[PDB]
Amino acid sequence: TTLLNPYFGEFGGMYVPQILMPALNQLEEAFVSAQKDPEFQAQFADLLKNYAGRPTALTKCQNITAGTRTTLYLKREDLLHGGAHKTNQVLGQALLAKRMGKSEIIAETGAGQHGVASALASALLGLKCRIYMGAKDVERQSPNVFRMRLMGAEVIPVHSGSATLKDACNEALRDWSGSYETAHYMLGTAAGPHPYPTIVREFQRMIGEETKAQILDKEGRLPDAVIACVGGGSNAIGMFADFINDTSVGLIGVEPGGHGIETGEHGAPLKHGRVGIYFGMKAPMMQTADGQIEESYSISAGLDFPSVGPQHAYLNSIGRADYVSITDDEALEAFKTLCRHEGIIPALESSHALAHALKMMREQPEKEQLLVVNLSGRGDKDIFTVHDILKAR
Amino acid sequence: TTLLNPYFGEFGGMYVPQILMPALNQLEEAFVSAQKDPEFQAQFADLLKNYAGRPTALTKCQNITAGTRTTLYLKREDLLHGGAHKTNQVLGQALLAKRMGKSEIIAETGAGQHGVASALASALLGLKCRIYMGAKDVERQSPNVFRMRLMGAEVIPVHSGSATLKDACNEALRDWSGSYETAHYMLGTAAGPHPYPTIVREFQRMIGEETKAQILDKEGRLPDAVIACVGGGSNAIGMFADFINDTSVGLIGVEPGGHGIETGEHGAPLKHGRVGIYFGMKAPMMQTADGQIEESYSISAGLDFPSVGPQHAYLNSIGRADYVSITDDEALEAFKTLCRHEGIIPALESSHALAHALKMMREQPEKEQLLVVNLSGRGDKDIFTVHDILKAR
Amino acid sequence: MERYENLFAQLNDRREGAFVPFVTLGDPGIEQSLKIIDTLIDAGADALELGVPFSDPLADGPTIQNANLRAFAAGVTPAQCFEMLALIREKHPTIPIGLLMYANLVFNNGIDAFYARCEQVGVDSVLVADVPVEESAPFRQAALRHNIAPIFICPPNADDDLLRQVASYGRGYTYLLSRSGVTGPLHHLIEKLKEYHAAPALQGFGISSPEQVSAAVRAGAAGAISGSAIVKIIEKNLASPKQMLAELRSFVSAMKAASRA
Amino acid sequence: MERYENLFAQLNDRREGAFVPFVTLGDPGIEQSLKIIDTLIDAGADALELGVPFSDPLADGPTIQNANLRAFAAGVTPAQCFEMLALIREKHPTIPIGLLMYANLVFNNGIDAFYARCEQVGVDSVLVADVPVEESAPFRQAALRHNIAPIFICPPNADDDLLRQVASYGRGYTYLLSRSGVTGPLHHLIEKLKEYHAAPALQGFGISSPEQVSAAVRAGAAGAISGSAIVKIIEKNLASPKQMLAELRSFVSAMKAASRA
Ligand SMILES: O=C(O)CNC(=O)Cc1c[nH]c2ccccc12
Ligand SMILES: O=C(O)CNC(=O)Cc1c[nH]c2ccccc12
Ligand SMILES: *Cc1c(COP(=O)(O)O)cnc(C)c1O
Ligand SMILES: *Cc1c(COP(=O)(O)O)cnc(C)c1O
Ligand code: NA
Ligand code: NA
């Protein structure tokens, strides 16, 4: 039995070993409880506002669009404490762990940002946090690894399998299944077994609510399209949710195309992968033909999740959302362009979403359109990779 | 003739070569004009809000103060676009350059942050920006140097004299004095020749206005003290100004004590320097006994300005403000402590101000007090220096 | 087929409990794997439990994670494992053979076709580690349609609702888990399981010494399964294949002997 | 003393314009500096202009920034420069000697005491590069009290208000700047300056060839000052001290000759 639907059409579910179900049922229950509890909401609202900085601005970029008939706004999650949208849902998940009486937090991280984020929520809120990270990513994310540790978290490297995020995601589960009674598993994206895709969505949705209000305030009407990168789905579902019932509003998700779809070396399972069952759920997966899970590739470390949230696969299948891809070059061009014409260094991740907006504008410059891009994070962390590339080139 | 007083008691003035005065008179005039112009104010308010993120939160830190009778709030300039308070005044100065019809911006920078800041304001607002930076700081601030250049600014290294910020400050002047007619000099702190200390103050004062409102909203009354680091004076005067007429409100400025006042190797000219005339003004200077200007030392690169704003020397001399110092160790302890108990990585600069608050609390834990610290920036940029120190140790 | 029902009845006529070791197919290589398996049988296993190497075995501990990696170092694929199974069934008629699968490998090229391929190689059961009863429908159906017994794990904290689902939906044997965590007081489940006519329980997770096999049977379980310990042996002996089989032999005999009346 | 008034009157009786080179004291070293200076005189300078090395000479171009650095490489300090001045006055009675100072070095140990030390070594004027007329009071006072002429710069864009301040407040000569920028159409200022009985103007900044000295005098300026060019010569000859003095000699003679009737 669950209280909510664990499925978005055919995708989603709860595929975990039997020993973990009481944990997901308990979590679902505590989340359902929390959403009707005014104290919980007021406490969440208060950290998002006075600790994390909400609401985030909505920024019109006239320099980018000049000479065209696009108007473009970026929702500045790069301004949120922590530097990316992930801090929203971690605070919510932490209050949940609290509300369940758990005292420890477990989280997985690839590029480091969800690990930094769970460690900051943990420190603030009195939880003991341990983070799993694949040794390959450890090697290549020392800033992050040191940030989490300055914040009292313990960082545990994962050496098995490809040693990256999916292997962190396995190690997180293994641990949860023997400590769930005291620990809560702060999953890092809107993915995984129910009720996580729904709870991550609901704790990121303020991004779309505030967008809507702001755009109505500044323009008098809803956008023609909202665009967001899609690594595992949290920022995009966050920007989309509140516009889902607004049929005239385009939802465009951007998955990394890496060196190029035809090359194989990409991160776009929703449009170029194949349905599978992994990580607690049924969704598009990057996988071989025999069914082993493979890694996602992208010039940006954070769109590494080799699968995608179920709700996006559903949205796609019914037509209600559109998903496209943007290559590393395209995303680097968009990065450059923002730095030089609006003076915002966007994350390479959010670079993908900006890049598809710029294509929308450029390919048809006399089309009349009002776009919002979700600038899911800041790109300070990417300054050197862009540096090394522009040097080799 | 000027329109406003160029002096704060004995300190300040306009000591520039005769060829630059028409430029400072013109600037003063344009600033006086702007402050009475509602269009200018509305345009400034709109970038601070929808581009820079204002207002910034005021954050209560219960974990830090537990077990004591201090209540501590930090004003989150670390959340402002750009990551530090400097973005406020640069946007104001840029609109000024605009209003004067200039098209080019000139700025000096030490640790990089004022250079990044003037380059982002420049990019947004259509100005051509060149930045002067001492070759020693260039060497040691590549991230910053590359950020400014991603944002279209030209970075010009300075090899003369100690090759640091003061030598950048000379090179800025030299250039202004032959291009002032098309260029505006975006000085980076509340210092230098009038009208800069007054204009930087007035374009940073929103930090104290919002603090006041927020603290009245959350606590019902004004703080017992506001504390802020003092590198050249802009963030602190920004936090102080609006409380100056509130006599019961303490203003405490924190200058870097470096390895220790007795050692000589510090950055605290206001309390441990000697009055001099340099950089367009009369104020406390780090200087030899024969009168050559020396460098300020500190573990944090941004409190390097070897002098201090005039208005702070005045405030100090009449008793209305207090200035103290905090050493590198003390500032590193405070850095650590914030990372681990509130999950905010503060700038080493703002670390000094937090450190003095913690002393206020720790030395008399049963005193009843409500402090605000101005967290002037984020410490992402300092992660590695803290790393290398904690490794050697 | 009814190999489990047959074994169970036979063992019950001997007053014996069942002893079933687990290995990963193809670890450390195919040939050696086939020899390990034959040695496990020759030493006394009552039934096998065999894993198909999978990239992301989120319910296993390190030991068996190394086993999959070694199997992957040697190129072993599912299509190879099935050929392995086929020659195992060819060599031994009556031994029940259960697979331990992860969901993706069964759902990959169509669920039904996975259970059909199981039937044509002679497999008797399949346990899918990351499909809980709540999600078992498609998998249990496809299983019964091809005569394979779908195995389920009964957790130590199982509540009565779960007990009944397991007893209703499983066949061949019931995997009684001794503990939470990953591979590395049961009397109640066991009575309740008999009460609901569950398939006979095999106690699993952490069985590594003969005393525990004996203790399981005394508790009322029809038997015990041991894998980690079996894999440990492999992983300890990689440098000497012959010593590998010899220690496998001795451990299995010791385990089997303990289940005896 | 009245050395400037005296020189000017003498030059005026010769129908001559004045030629005054600038150097930094102690560049490249003290001894060599003293010899440079004597060579400048022996070659014909009418008055000297001497800088005291300072750390942050924000109104000078590279050329003279190198001069201060070389002087600092050699340890030269203000107290040393004053001893230098003293032996210069001892050697040459009547030559006007002006200093080019930065504010801090004059305000450092008390403004008044700086002008007093100037008087005791025999200095005739002091120009302080970063003190505009608007801020000149303390400096001009202290100057007149000790008989030193306070020099001011009249910028090319000077408006009538400024013209009058300069003419009123300066003494000895007026520094007529040829251009904005740092060290590296004047007829109106010059007439207006005469009109307000300013001290005689010396045209400065960028004078480096004899033609310009002649052009200044024709314009009505009482003379021209050249420093960058003089310093260039130094900096070009550091490897050979003797060639240094010889080229200094030739350039100065060439400059001086050009101011002649
Ligand atoms: O390692 C063991 O001791 C026992 N293992 C089994 O019974 C086989 C097994 C491998 N992975 C699993 C996941 C869930 C249930 C059984 C297994
Ligand atoms: O370099 C020159 O050509 C002329 N320089 C002078 O007349 C001496 C000088 C040095 N620095 C200055 C700053 C302002 C005015 C004169 C000077
Ligand atoms: C982590 C991250 C993402 C990708 O994860 P999502 O769940 O897909 O949003 C995207 N942008 C930024 C800045 C990230 O940090
Ligand atoms: C630049 C900076 C300072 C120092 O300059 P002020 O004018 O003294 O405020 C302090 N804090 C931060 C974060 C800075 O970037
Ligand atoms: Na993905
Ligand atoms: Na200072």
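By convention in this document, chain letters (A, B, ...) are assigned in the order of the sequence lines, proteins followed by strands, and residues within each chain are numbered from 1. Hydrogens, waters and symmetry mates play no part in the numbers below; they use all other heavy atoms, side chains included.
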Name the member of [options] that forms the most heavy-atom pairs with chain A at distances under 4.5 Å.
| options | answer |
| --- | --- |
| C/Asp60, C/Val106, C/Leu69 | C/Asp60 |
| C/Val133, C/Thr77, C/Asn66 | C/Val133 |
| C/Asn68, C/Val128, C/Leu162, C/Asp159 | C/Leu162 |
| C/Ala79, C/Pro62, C/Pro78 | C/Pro78 |

Check: For chain C, which of A/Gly280, A/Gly276, A/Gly178, A/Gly291 has the most heavy-atom pairs under 4.5 Å?
Finding: A/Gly291

Item checked: Most contacts with chain C, counted as non-hydrogen pairs under 4.5 angstrom, among A/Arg174, A/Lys282, A/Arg274, A/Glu171 -> A/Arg174

Next item on the list: Indicate whether any N or O donor in one side chain lies under 3.5 Å from an N or O acceptor in the other, for C/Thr63 and C/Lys232.
Entry: yes

Note to self: Under a 3.5 Å cutoff, is there a donor and acceptor pairing between the side chains of A/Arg201 and A/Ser234?
What the structure shows: no

Heavy-atom distances under 4.5 Å only: say whether [X] touches chain C with side chain, backbone, both or neither.
| X | result |
| --- | --- |
| A/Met14 | both |
| A/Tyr15 | both |
| A/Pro22 | side chain |
| A/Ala172 | neither |
| A/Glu181 | neither |

Next item on the list: Would you confirm whether the ring centroid of C/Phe107 sits within less than 6.0 angstrom of the ring centroid of C/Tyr102?
Entry: no

Notebook entry, point to check: Under 6.0 Å between ring centres, would you say that holds for C/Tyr173 and C/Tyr4?
Noted result: yes

Item checked: Residue pair A/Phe8 / A/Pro197, side-chain heavy-atom distance below 4.5 Å -> yes

Item checked: Flag side-chain contact, heavy atom, 4.5 Å: C/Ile64 against C/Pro57 -> no

Check: Taking atom CD1 of C/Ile233 and atom CD of C/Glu235, what is their separation to the nearest 0.5 Å?
Finding: 11.0 Å

Margin query: Looking at C/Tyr169, I'd like to know if the NZ or CZ of C/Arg140 sits under 6.0 Å from its six-membered ring centre while staying within 45 degrees of the ring's axis.
Written below: yes

